[PDB]
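Remarks on the structure that follows.
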Amino acid sequence: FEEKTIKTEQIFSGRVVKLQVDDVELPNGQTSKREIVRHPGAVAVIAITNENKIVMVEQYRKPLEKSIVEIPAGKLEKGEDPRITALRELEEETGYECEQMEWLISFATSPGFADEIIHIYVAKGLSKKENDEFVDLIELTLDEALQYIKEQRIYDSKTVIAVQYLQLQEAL
Amino acid sequence: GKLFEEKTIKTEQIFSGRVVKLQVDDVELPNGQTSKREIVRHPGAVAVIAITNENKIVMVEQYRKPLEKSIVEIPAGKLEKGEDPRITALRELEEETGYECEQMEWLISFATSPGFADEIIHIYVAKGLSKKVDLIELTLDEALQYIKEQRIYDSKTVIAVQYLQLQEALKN
């Protein structure tokens, strides 16, 4: 199956999002329009400290008019190795380097209108040189993370997926 | 929370369509600097984790043009302002799957892509099912296979599978 694009019109090309409207072919000589937000993709990192705490960051997210606590993440460059990006992002956002960085899972965030894909990696064996402004570093135990979910301090799909992942590692 | 709040000082509408709106806010950073924020506005959604008497999760396959592929998802519908989300979830379950249910309980809410969109998903869990782009019922192991195969490939459905995984671990 497919909805072939017969014509595209570019609406907006920004620093984060690009928006286009596709005219598409539907069955029985039917036509429609599809609104499509294009986004480069992101890599996010599940990093566990020596104290067995999860590394997260708090920052304001304007679309939500709220600050939330998230696993560290950053944009993925076109044709850039996601693992390389995950290592830089972790270091840049939290100061940690790691000995191990392994892909876990990829998924679309809002497939109804966006092509954005998140690649989650798991980082192990952390170290930090104790050498921004609007990002708070936060380290949480598993039980604290679940409390943050109850309070909706944790409140986005990639971080919920990370917490449930860690819950799973525990139940086994 | 409100950490590092970024106040809007000016807004420009870019596009208003059937699925998404797009606007660009000029914002005031905490330090008095200014910057731009691209914001996709999207109504909320209710999604349903429906487990049958047979321990199978009810899902729906559908083409997602942004992804150029069909993926397997939990049922979900758009949120109706001035309507109990719990009613909206019951309606979506029946319309999309023909299943009726005795209990509809809120599990969790989260933003899908808080870096550029305000879309929030509210997941409800349906129990006591009875049969009152097609339907598909999956065991837990079949759902985990579909994740491996990237047929299950969006944040809300990954979270649902993880939740089944924890429930079955908890049924031990």
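Letters for chains follow the order of the structure tokens (A, B, ...), residue numbers begin at 1 for each chain, and ligand numbers begin at 1 in the order shown.
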
Residue list for chain B near chain A as a ChimeraX atom specification, 8 Å, only C-alpha atoms: /B:1-6,14-15,17-20,37-41,63-70,109-118,150,153-156,158-159,162-163,165-166,169

DSSP alpha helix (DSSP H) residues within chain B, as number ranges by chain: B: 85-97, 140-148, 155-170

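Between atom CA of residue A:13 and atom CA of residue B:62 lies a distance of 27.9 Å.
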
9 Å contact set for residue A:104, only C-alpha atoms, chain neighbours under 4 positions out, as a PyMOL selection string: chain A and resi 119-122

What's around residue B:104 at 8 Å? Count only C-alpha atoms, leave out sequence neighbours fewer than 6 positions away in its own chain, and write the answer as a PDB file with N, CA and C atoms, in the first residue's frame.
```
ATOM      1  N   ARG B  86     -12.757   9.794  28.847  1.00  0.00           N
ATOM      2  CA  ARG B  86     -13.086   8.390  29.045  1.00  0.00           C
ATOM      3  C   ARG B  86     -14.193   7.948  28.097  1.00  0.00           C
ATOM      4  N   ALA B  89     -12.555   7.617  24.711  1.00  0.00           N
ATOM      5  CA  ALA B  89     -11.832   6.358  24.600  1.00  0.00           C
ATOM      6  C   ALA B  89     -12.789   5.186  24.358  1.00  0.00           C
ATOM      7  N   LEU B  90     -13.911   5.124  25.090  1.00  0.00           N
ATOM      8  CA  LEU B  90     -14.884   4.063  24.829  1.00  0.00           C
ATOM      9  C   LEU B  90     -15.374   4.119  23.389  1.00  0.00           C
ATOM     10  N   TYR B 124      -5.544   5.162  28.034  1.00  0.00           N
ATOM     11  CA  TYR B 124      -6.499   4.459  28.879  1.00  0.00           C
ATOM     12  C   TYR B 124      -6.341   2.960  28.675  1.00  0.00           C
ATOM     13  N   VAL B 125      -6.601   2.183  29.733  1.00  0.00           N
ATOM     14  CA  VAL B 125      -6.536   0.723  29.686  1.00  0.00           C
ATOM     15  C   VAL B 125      -7.955   0.157  29.756  1.00  0.00           C
ATOM     16  N   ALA B 126      -8.305  -0.690  28.793  1.00  0.00           N
ATOM     17  CA  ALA B 126      -9.637  -1.270  28.693  1.00  0.00           C
ATOM     18  C   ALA B 126      -9.588  -2.723  29.153  1.00  0.00           C
ATOM     19  N   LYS B 127     -10.469  -3.085  30.081  1.00  0.00           N
ATOM     20  CA  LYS B 127     -10.569  -4.468  30.540  1.00  0.00           C
ATOM     21  C   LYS B 127     -11.994  -4.975  30.366  1.00  0.00           C
TER      22      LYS B 127
END
```

All strand (DSSP E) positions in chain B, as a count of residues only: 77

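Residues in contact with stretch 73-75 of chain A at up to 8 Å, not including ones fewer than 5 positions away on its chain and judged by only C-alpha atoms, are residues 40, 41, 42, 43, 44, 45, 85, 86, 89 and 90 of chain A.
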
Pairwise distance for atom CA of residue B:74 and atom CA of residue B:60, rounded to one decimal in Å: 6.2 Å

Neighbour list for residue B:146 as an NGL selection string, cut-off 12 Å, only C-alpha atoms, skip fewer than 5 positions in-chain: :B and (59 or 61 or 71-73 or 136-141 or 151-154 or 157-158 or 161)

Serialized selection, C-alpha atoms, as an mmCIF file, in the first residue's frame:
```
data_model
loop_
_atom_site.group_PDB
_atom_site.id
_atom_site.type_symbol
_atom_site.label_atom_id
_atom_site.label_comp_id
_atom_site.auth_asym_id
_atom_site.auth_seq_id
_atom_site.Cartn_x
_atom_site.Cartn_y
_atom_site.Cartn_z
ATOM 1 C CA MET B 59 -4.288 -2.966 17.383
ATOM 2 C CA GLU B 61 -2.647 -1.224 10.931
ATOM 3 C CA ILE B 71 2.627 0.542 11.019
ATOM 4 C CA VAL B 72 0.764 -1.398 13.694
ATOM 5 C CA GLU B 73 -0.697 0.878 16.438
ATOM 6 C CA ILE B 136 -5.118 -7.202 14.267
ATOM 7 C CA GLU B 137 -4.847 -8.943 17.639
ATOM 8 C CA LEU B 138 -1.393 -9.883 18.919
ATOM 9 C CA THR B 139 0.067 -11.858 21.760
ATOM 10 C CA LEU B 140 2.801 -10.202 23.788
ATOM 11 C CA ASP B 141 5.462 -12.263 22.008
ATOM 12 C CA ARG B 151 6.131 -2.928 12.275
ATOM 13 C CA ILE B 152 5.356 -1.490 15.692
ATOM 14 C CA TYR B 153 7.097 1.817 15.324
ATOM 15 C CA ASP B 154 5.552 4.817 17.171
ATOM 16 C CA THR B 157 2.345 1.717 20.806
ATOM 17 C CA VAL B 158 5.853 0.994 22.130
ATOM 18 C CA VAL B 161 3.761 -3.091 24.550
#
```

Within 9 Å of residue B:129 using only C-alpha atoms, minus same-chain residues under 2 positions, as a ChimeraX atom specification: /B:50-53,99-103,126-127,131-132

Produce a file of the selected residues containing C-alpha atoms, as a PDB file, in the first residue's frame.
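Once written, out17.pdb looks like this:
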```pdb
ATOM      1  CA  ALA B  50      -7.266  -3.125  25.003  1.00  0.00           C
ATOM      2  CA  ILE B  51      -6.371  -6.636  26.175  1.00  0.00           C
ATOM      3  CA  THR B  52      -8.799  -9.385  25.247  1.00  0.00           C
ATOM      4  CA  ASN B  53      -9.914 -12.347  27.363  1.00  0.00           C
ATOM      5  CA  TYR B  99     -15.019  -4.136  21.023  1.00  0.00           C
ATOM      6  CA  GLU B 100     -17.113  -3.191  24.035  1.00  0.00           C
ATOM      7  CA  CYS B 101     -15.579  -3.039  27.480  1.00  0.00           C
ATOM      8  CA  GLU B 102     -16.531  -2.957  31.137  1.00  0.00           C
ATOM      9  CA  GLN B 103     -13.685  -0.730  32.490  1.00  0.00           C
ATOM     10  CA  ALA B 126      -9.637  -1.270  28.693  1.00  0.00           C
ATOM     11  CA  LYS B 127     -10.569  -4.468  30.540  1.00  0.00           C
ATOM     12  CA  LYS B 131     -17.068  -8.103  20.586  1.00  0.00           C
ATOM     13  CA  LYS B 132     -20.345  -6.187  20.446  1.00  0.00           C
TER      14      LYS B 132
END
```
